[PDB]
Amino acid sequence: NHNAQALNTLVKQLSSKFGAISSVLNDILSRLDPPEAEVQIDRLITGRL
Amino acid sequence: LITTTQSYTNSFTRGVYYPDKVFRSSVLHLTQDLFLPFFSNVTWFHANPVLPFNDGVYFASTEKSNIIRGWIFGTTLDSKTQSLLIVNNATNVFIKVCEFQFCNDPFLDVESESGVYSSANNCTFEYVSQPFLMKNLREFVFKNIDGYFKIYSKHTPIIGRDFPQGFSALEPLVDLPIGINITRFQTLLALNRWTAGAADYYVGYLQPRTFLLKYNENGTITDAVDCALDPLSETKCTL
Amino acid sequence: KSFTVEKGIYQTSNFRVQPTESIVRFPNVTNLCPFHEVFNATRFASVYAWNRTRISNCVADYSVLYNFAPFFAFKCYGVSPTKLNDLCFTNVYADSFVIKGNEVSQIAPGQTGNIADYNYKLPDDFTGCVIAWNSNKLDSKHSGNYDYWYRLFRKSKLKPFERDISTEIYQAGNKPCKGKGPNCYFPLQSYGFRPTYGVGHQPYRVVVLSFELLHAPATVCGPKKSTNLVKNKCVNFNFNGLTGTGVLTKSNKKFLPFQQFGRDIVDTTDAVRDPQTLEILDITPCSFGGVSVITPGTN
Amino acid sequence: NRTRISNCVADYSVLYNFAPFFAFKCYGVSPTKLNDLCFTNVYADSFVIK
Ligand SMILES: *[C@@H]1O[C@H](CO)[C@@H](O)[C@H](O)[C@H]1NC(C)=O
Ligand SMILES: *[C@@H]1O[C@H](CO)[C@@H](O)[C@H](O)[C@H]1NC(C)=O
Ligand SMILES: *[C@@H]1O[C@H](CO)[C@@H](O)[C@H](O)[C@H]1NC(C)=O
Ligand SMILES: *[C@@H]1O[C@H](CO)[C@@H](O)[C@H](O)[C@H]1NC(C)=O
Ligand SMILES: *[C@@H]1O[C@H](CO)[C@@H](O)[C@H](O)[C@H]1NC(C)=O
Ligand SMILES: *[C@@H]1O[C@H](CO)[C@@H](O)[C@H](O)[C@H]1NC(C)=O
Ligand SMILES: *[C@@H]1O[C@H](CO)[C@@H](O)[C@H](O)[C@H]1NC(C)=O
């Protein structure tokens with residue numbers, strides 16, 4: 001039970017925004033220019049780390 | 001010719017609609033939205049008064065021979081603001097956001113529109129579709145949020161007289177990008193001609209609540225839990 | 001990080017199966033959006049009463065703006081302009097008016113000023129574009145054209161996205177006006193435009209386009225052509241702006257006639273519906289995994 | 001010119017009825033909330049520029 005719970009929490013943590021416009025990298029890359037995308041990507045990086 | 005009598009009754013567990021368009025199968029889902037609280041206090045009208053809109057409206061009716069036909073929404077409803085108008089007849093349904101010079105006691109002549117409004121005005125949006133009103137209980141949920149008027153509906157067979165003790169989820173019916181402000185609404189009736197008639201309907205108001213919904217193997221909502229009703233429901237929502 | 005290896009098994013890298021091609025599946029609509037009709041109207045409303053139009057169910061092309069005029073200001077906030085030509089939106093709101101040339105700087109989210117607080121206000125989370133181009137040639141009169149008016153006074157502030165049309169005498173004194181002379185003014189003042197006026201005071205036409213996302217299935221996108229449909233292969237897919245990579249197969253899910261997508265317990269997409277042919281497709285990720293190397297010693 | 005203001009009741013509606021200011025920018029405090037704050041003392045610097 002504990003192992004399954006920990007894995008489920010880790011997977012579910014991927015839908016959080018961590019104070020960004022979106023939790024999906026694909027649309028961030030497809031609707032923003034490179035100079036402005038990293039400001040959103042780094043927040044996701046920190047949260048997931 | 002028209003008599004309106006009021007009463008108060010219990011709502012039990014009714015007025016649950018699909019929150020989004022996402023398919024889910026065999027899962028329990030927590031949602032937060034404007035719902036009708038369980039075992040609430042709904043108003044029973046028996047047979048027009050002008051009622052507030054608040055944040056949303058749950059409407060229920062069980063009349064036969066198509067006595068009730070449509071609703072009107074607005075904020076001043078006389079000459080200064082565009083007003084919604086939903087009209088259901090045998091073949092189709094009209095929806096007009098037009099500005100109407102409403103009569104003092106609007107009604108349907110049955111079929112001239114002079115009994116409802118004297119004339120139209122400067123308006124743009126209009127819509128027409130298959131009739132909404134398709135022994136039988138008809139339930140509707142109306143809500144206006146962020147530039148969108150949303151209507152959910154459900155049709156059920158009933159054998160009793162009061163609210164049935166059962167569960168039914170209201171599937172989405174229509175979404176419109178109208179973008180006006182609504183504060184009051186009223187019911188529209190049709191009188192054959194001035195013969196006296198009778199009708200009955202139930203009204204309730206929505207509030208922000210958190211629910212726990214159950215999806216079966218086929219993507220249909222079959223049960224729900226109101227997380228703020230009592231300690232047991234709070235425990236169920238926590239677990 | 002060594003030139004010699006001992007006997008054992010080591011985990012080195014990961015393998016993944018690469019995609020083969022790309023799939024684009026848009027709905028079949030050929031109707032063009034009335035961007036041209038909204039422009040070149042030969043008459044634009046005043047700033048205090050700005051014109052609003054709703055655009056939906058059409059194909060949006062942004063090259064018409066490019067060939068329209070050399071815009072003085074062209075600023076997009078939530079979206080890069082160059083990528084506007086391959087996105088999908090639910091509906092578009094176009095607000096058109098005419099202001100002074102130097103007032104263009106006041107049309108921005110989180111901005112204050114006479115226009116930004118008394119005529120038009122944008123939300124803090126605005127997602128759209130602003131275009132402002134000179135109109136000295138067409139909206140100027142030699143004697144002076146006063147058809148355009150702007151509001152100068154208001155009792156309180158203005159929230160984003162509302163329009164005020166009520167006309168009345170604004171009160172400045174403590175006593176009720178019931179007049180015009182004693183400290184009571186008119187909020188609406190007529191613009192004065194002349195050809196001899198220099199840059200910064202000639203009329204400028206301003207159009208604000210407002211978009212939205214995360215709503216009903218998208219309608220305003222058709223500038224790219226669709227392709228065929230393939231199954232049982234690792235491919236890149238794009239269904240109405242929903243993009244991904246994986247393998248599409250036949251599905252046995254009983255979608256009710258109003259859903260589009262499908263999620264699971266972890267809340268990730270696993271089913272989709274083809275817009276042009278109503279059909280349920282299961283989506284599975286392409287194969288990936290780890291690689292281990294088994295070696296004896298290098299001795 | 002520099003002036004020190006202290007030991008009084010500060011009302012900011014007089015500025016509102018004064019004139020339609022071309023520029024009115026507050027940095028550390030939102031202007032609308034200026035009417036219910038408490039301060040130790042105020043420094044007013046006045047001049048005229050282009
Ligand atoms: C509903 O309200 C009425 C008075 O408005 C009150 O008497 C009654 O107890 C309430 N509850 C129910 C279930 O009727
Ligand atoms: C019912 O409504 C439709 C659409 O408004 C109209 O075409 C039709 O004539 C109406 N029928 C009657 C009997 O009023
Ligand atoms: C409707 O509104 C427009 C715009 O303000 C106005 O010009 C017109 O006089 C109004 N009435 C009618 C009947 O169009
Ligand atoms: C789901 O649909 C199947 C096929 O009609 C049916 O056999 C099954 O009973 C349904 N599930 C429930 C909970 O009724
Ligand atoms: C708009 O109208 C003007 C004059 O009627 C015309 O020259 C022009 O081609 C039209 N279209 C655009 C995109 O400007
Ligand atoms: C707004 O634009 C529409 C589009 O043609 C036009 O019919 C209408 O007269 C315009 N209104 C104003 C106030 O400019
Ligand atoms: C559009 O696509 C749908 C889905 O296959 C198809 O049924 C319809 O005939 C198509 N219509 C046109 C005009 O291409």
# chains A, B, ... in the order shown; residues from 1 in each chain; ligands from 1
>>> select_by_dssp(residues="chain A", states="alpha helix (DSSP H)", output="JSON, numbers by chain")
{"A": [2, 3, 4, 5, 6, 7, 8, 9, 10, 11, 12, 25, 26, 27, 28, 29, 30, 31, 34, 35, 36, 37, 38, 39, 40, 41, 42, 43, 44, 45, 46, 47, 48]}
>>> write_last_selection(atoms="N, CA and C atoms", output="compact mmCIF listing (two decimals), in the first residue's frame")
# COMPACT_ATOMS: atom_id res chain seq x y z
N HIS A 2 1.90 1.29 0.83
CA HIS A 2 2.76 2.46 0.90
C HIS A 2 3.48 2.71 -0.41
N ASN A 3 4.01 1.65 -1.03
CA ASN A 3 4.71 1.83 -2.29
C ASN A 3 3.78 2.36 -3.38
N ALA A 4 2.57 1.79 -3.47
CA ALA A 4 1.62 2.26 -4.47
C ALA A 4 1.22 3.71 -4.22
N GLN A 5 1.01 4.07 -2.96
CA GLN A 5 0.63 5.44 -2.63
C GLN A 5 1.73 6.43 -3.02
N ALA A 6 2.98 6.10 -2.71
CA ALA A 6 4.08 7.00 -3.05
C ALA A 6 4.20 7.17 -4.56
N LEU A 7 4.10 6.08 -5.31
CA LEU A 7 4.19 6.19 -6.77
C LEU A 7 3.04 7.02 -7.33
N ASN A 8 1.83 6.82 -6.80
CA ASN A 8 0.68 7.58 -7.30
C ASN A 8 0.84 9.07 -7.02
N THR A 9 1.33 9.42 -5.83
CA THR A 9 1.57 10.83 -5.53
C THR A 9 2.60 11.42 -6.48
N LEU A 10 3.69 10.69 -6.73
CA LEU A 10 4.72 11.20 -7.62
C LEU A 10 4.17 11.44 -9.02
N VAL A 11 3.35 10.52 -9.53
CA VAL A 11 2.80 10.70 -10.87
C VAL A 11 1.81 11.86 -10.89
N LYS A 12 0.94 11.94 -9.88
CA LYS A 12 -0.07 12.99 -9.85
C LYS A 12 0.55 14.38 -9.74
N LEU A 25 4.34 21.44 -21.25
CA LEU A 25 5.46 22.10 -21.91
C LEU A 25 5.19 22.32 -23.39
N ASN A 26 4.43 21.43 -24.03
CA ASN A 26 4.24 21.51 -25.47
C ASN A 26 3.55 22.81 -25.87
N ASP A 27 2.48 23.18 -25.17
CA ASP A 27 1.77 24.39 -25.55
C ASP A 27 2.55 25.64 -25.17
N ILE A 28 3.28 25.61 -24.06
CA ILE A 28 4.16 26.72 -23.72
C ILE A 28 5.16 26.96 -24.84
N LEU A 29 5.73 25.88 -25.38
CA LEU A 29 6.67 26.03 -26.48
C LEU A 29 5.98 26.45 -27.77
N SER A 30 4.74 26.01 -27.98
CA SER A 30 4.04 26.29 -29.23
C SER A 30 3.36 27.65 -29.26
N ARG A 31 3.26 28.35 -28.14
CA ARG A 31 2.58 29.64 -28.12
C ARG A 31 3.45 30.77 -27.58
N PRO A 34 11.21 32.00 -27.64
CA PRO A 34 12.25 31.46 -26.75
C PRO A 34 12.62 32.39 -25.61
N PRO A 35 12.72 33.71 -25.82
CA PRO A 35 13.11 34.58 -24.69
C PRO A 35 12.10 34.61 -23.56
N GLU A 36 10.85 34.23 -23.79
CA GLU A 36 9.83 34.28 -22.75
C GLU A 36 9.39 32.91 -22.25
N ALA A 37 9.79 31.83 -22.92
CA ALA A 37 9.38 30.50 -22.50
C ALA A 37 10.16 30.00 -21.29
N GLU A 38 11.44 30.37 -21.17
CA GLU A 38 12.25 29.85 -20.07
C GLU A 38 11.77 30.36 -18.72
N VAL A 39 11.20 31.57 -18.70
CA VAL A 39 10.67 32.14 -17.46
C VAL A 39 9.53 31.30 -16.92
N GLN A 40 8.84 30.56 -17.78
CA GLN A 40 7.81 29.63 -17.34
C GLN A 40 8.36 28.22 -17.14
N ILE A 41 9.34 27.82 -17.94
CA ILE A 41 9.87 26.46 -17.86
C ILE A 41 10.62 26.24 -16.55
N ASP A 42 11.35 27.26 -16.08
CA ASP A 42 12.18 27.07 -14.89
C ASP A 42 11.35 26.79 -13.64
N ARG A 43 10.15 27.38 -13.54
CA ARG A 43 9.30 27.11 -12.38
C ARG A 43 8.87 25.65 -12.34
N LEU A 44 8.46 25.11 -13.48
CA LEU A 44 8.14 23.69 -13.56
C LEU A 44 9.34 22.84 -13.20
N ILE A 45 10.53 23.24 -13.67
CA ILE A 45 11.74 22.49 -13.36
C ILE A 45 11.96 22.43 -11.85
N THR A 46 11.84 23.58 -11.18
CA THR A 46 12.07 23.61 -9.74
C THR A 46 11.06 22.75 -8.99
N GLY A 47 9.78 22.88 -9.35
CA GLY A 47 8.76 22.09 -8.66
C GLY A 47 8.98 20.59 -8.82
N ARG A 48 9.28 20.16 -10.04
CA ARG A 48 9.45 18.73 -10.28
C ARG A 48 10.72 18.19 -9.63
>>> interface_residues(of="chain B", to="chain C", cutoff="6 Å", atoms="only C-alpha atoms", output="list in words")
residues 21, 22, 23, 24 and 218 of chain B
>>> closest_residue(among="C:27, C:101, C:113, C:19", to="chain D", atoms="only C-alpha atoms")
C:113
>>> residues_near_ligand(ligand="ligand 7", cutoff="12 Å", atoms="only C-alpha atoms and all ligand atoms", output="VMD selection string")
chain C and resid 25 to 31 226 228 to 229 273 to 279
>>> residues_around(residues="residue 38 in chain D", least_positions_apart="3", cutoff="12 Å", atoms="only C-alpha atoms", output="VMD selection string")
chain D and resid 6 to 11 29 33 to 35 41 to 42
>>> residues_near_ligand(ligand="ligand 6", cutoff="6 Å", atoms="only C-alpha atoms and all ligand atoms", output="PyMOL selection string")
chain C and resi 44-45+51
>>> residues_around(residues="residue 67 in chain B", least_positions_apart="4", cutoff="10 Å", atoms="only C-alpha atoms", output="PyMOL selection string")
chain B and resi 62-63+188-191+197-200
>>> atom_distance(atom1="CA of residue 18 in chain A", atom2="CA of residue 30 in chain B")
20.6 Å
>>> residues_near_ligand(ligand="ligand 5", cutoff="12 Å", atoms="only C-alpha atoms and all ligand atoms", output="PyMOL selection string")
chain C and resi 34-43+61-70+138
>>> interface_residues(of="chain C", to="chain A", cutoff="7 Å", atoms="only C-alpha atoms", output="NGL selection string")
:C and (79-80 or 83 or 266)
>>> atom_distance(atom1="CA of residue 284 in chain C", atom2="CA of residue 21 in chain C")
16.1 Å
>>> residues_near_ligand(ligand="ligand 1", cutoff="6 Å", atoms="only C-alpha atoms and all ligand atoms", output="list in words")
residues 8, 9, 10 and 41 of chain B
>>> write_last_selection(atoms="N, CA, C and O atoms", output="PDB file, in the first residue's frame")
ATOM      1  N   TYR B   8     -43.199  25.392   0.729  1.00  0.00           N
ATOM      2  CA  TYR B   8     -41.797  25.028   0.885  1.00  0.00           C
ATOM      3  C   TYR B   8     -41.671  23.517   0.991  1.00  0.00           C
ATOM      4  O   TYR B   8     -42.506  22.862   1.623  1.00  0.00           O
ATOM      5  N   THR B   9     -40.631  22.960   0.373  1.00  0.00           N
ATOM      6  CA  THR B   9     -40.446  21.517   0.413  1.00  0.00           C
ATOM      7  C   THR B   9     -38.964  21.179   0.362  1.00  0.00           C
ATOM      8  O   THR B   9     -38.106  22.046   0.176  1.00  0.00           O
ATOM      9  N   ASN B  10     -38.677  19.894   0.548  1.00  0.00           N
ATOM     10  CA  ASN B  10     -37.322  19.371   0.592  1.00  0.00           C
ATOM     11  C   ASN B  10     -36.842  19.014  -0.808  1.00  0.00           C
ATOM     12  O   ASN B  10     -37.625  18.603  -1.667  1.00  0.00           O
ATOM     13  N   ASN B  41     -33.942  23.606   0.702  1.00  0.00           N
ATOM     14  CA  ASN B  41     -35.298  24.123   0.858  1.00  0.00           C
ATOM     15  C   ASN B  41     -35.714  24.765  -0.460  1.00  0.00           C
ATOM     16  O   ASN B  41     -35.264  25.867  -0.786  1.00  0.00           O
TER      17      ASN B  41
END
>>> residues_around(residues="range 151-164 of chain C", least_positions_apart="5", cutoff="8 Å", atoms="only C-alpha atoms", output="list in words")
residues 48, 49, 50, 114, 117, 118, 119, 120, 121, 122, 123, 170, 186, 187, 188 and 189 of chain C
>>> residues_near_ligand(ligand="ligand 4", cutoff="9 Å", atoms="only C-alpha atoms and all ligand atoms", output="ChimeraX atom specification")
/B:215-220,222 /C:254
>>> residues_near_ligand(ligand="ligand 3", cutoff="10 Å", atoms="only C-alpha atoms and all ligand atoms", output="PyMOL selection string")
(chain B and resi 99+120-123) or (chain C and resi 49+165)
>>> write_last_selection(atoms="N, CA and C atoms", output="tab-separated table (two decimals), in the first residue's frame")
chain	number	residue	atom	x	y	z
B	99	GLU	N	-34.23	43.31	-27.48
B	99	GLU	CA	-34.79	44.23	-26.50
B	99	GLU	C	-36.29	44.33	-26.75
B	120	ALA	N	-39.99	44.68	-30.97
B	120	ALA	CA	-38.57	44.39	-30.76
B	120	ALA	C	-37.79	45.70	-30.82
B	121	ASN	N	-36.46	45.60	-30.88
B	121	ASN	CA	-35.61	46.78	-30.87
B	121	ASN	C	-34.26	46.41	-31.48
B	122	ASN	N	-33.27	47.28	-31.26
B	122	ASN	CA	-31.93	47.10	-31.80
B	122	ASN	C	-31.25	45.90	-31.17
B	123	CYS	N	-31.14	44.81	-31.92
B	123	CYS	CA	-30.58	43.57	-31.39
B	123	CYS	C	-29.85	42.81	-32.48
C	49	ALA	N	-17.21	55.20	-26.64
C	49	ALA	CA	-18.16	54.19	-27.09
C	49	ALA	C	-17.47	53.37	-28.18
C	165	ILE	N	-22.22	54.68	-21.71
C	165	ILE	CA	-22.87	55.52	-22.70
C	165	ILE	C	-23.71	56.62	-22.07
>>> atom_distance(atom1="CA of residue 281 in chain C", atom2="CA of residue 250 in chain C")
5.2 Å
>>> interface_residues(of="chain D", to="chain C", cutoff="10 Å", atoms="only C-alpha atoms", output="list in words")
residues 17, 20, 21, 22, 23, 24 and 25 of chain D
>>> residues_near_ligand(ligand="ligand 2", cutoff="10 Å", atoms="only C-alpha atoms and all ligand atoms", output="PDB file with C-alpha atoms, in the first residue's frame")
ATOM      1  CA  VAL B  87     -39.778  30.106 -26.469  1.00  0.00           C
ATOM      2  CA  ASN B  88     -40.691  26.450 -27.018  1.00  0.00           C
ATOM      3  CA  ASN B  89     -43.388  25.417 -29.478  1.00  0.00           C
ATOM      4  CA  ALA B  90     -44.361  22.248 -31.334  1.00  0.00           C
ATOM      5  CA  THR B  91     -41.665  22.241 -34.020  1.00  0.00           C
ATOM      6  CA  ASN B  92     -38.739  24.391 -32.843  1.00  0.00           C
ATOM      7  CA  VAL B  93     -37.362  26.673 -30.123  1.00  0.00           C
ATOM      8  CA  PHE B  94     -36.525  30.377 -30.432  1.00  0.00           C
ATOM      9  CA  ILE B  95     -33.840  32.179 -28.421  1.00  0.00           C
ATOM     10  CA  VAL B 110     -52.332  30.978 -28.767  1.00  0.00           C
ATOM     11  CA  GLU B 111     -50.120  32.688 -31.215  1.00  0.00           C
ATOM     12  CA  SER B 112     -49.460  36.408 -31.539  1.00  0.00           C
ATOM     13  CA  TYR B 127     -30.862  31.324 -32.307  1.00  0.00           C
ATOM     14  CA  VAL B 128     -33.265  28.535 -33.236  1.00  0.00           C
ATOM     15  CA  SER B 129     -33.113  24.788 -32.699  1.00  0.00           C
ATOM     16  CA  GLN B 130     -35.136  21.667 -31.949  1.00  0.00           C
ATOM     17  CA  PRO B 131     -37.649  22.202 -29.123  1.00  0.00           C
TER      18      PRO B 131
END
>>> select_by_dssp(residues="range 8-181 of chain C", states="strand (DSSP E)", output="MDAnalysis selection string")
chainID C and resid 8:16 22:25 51:55 73:76 92:100 128:134 149:151 170:171
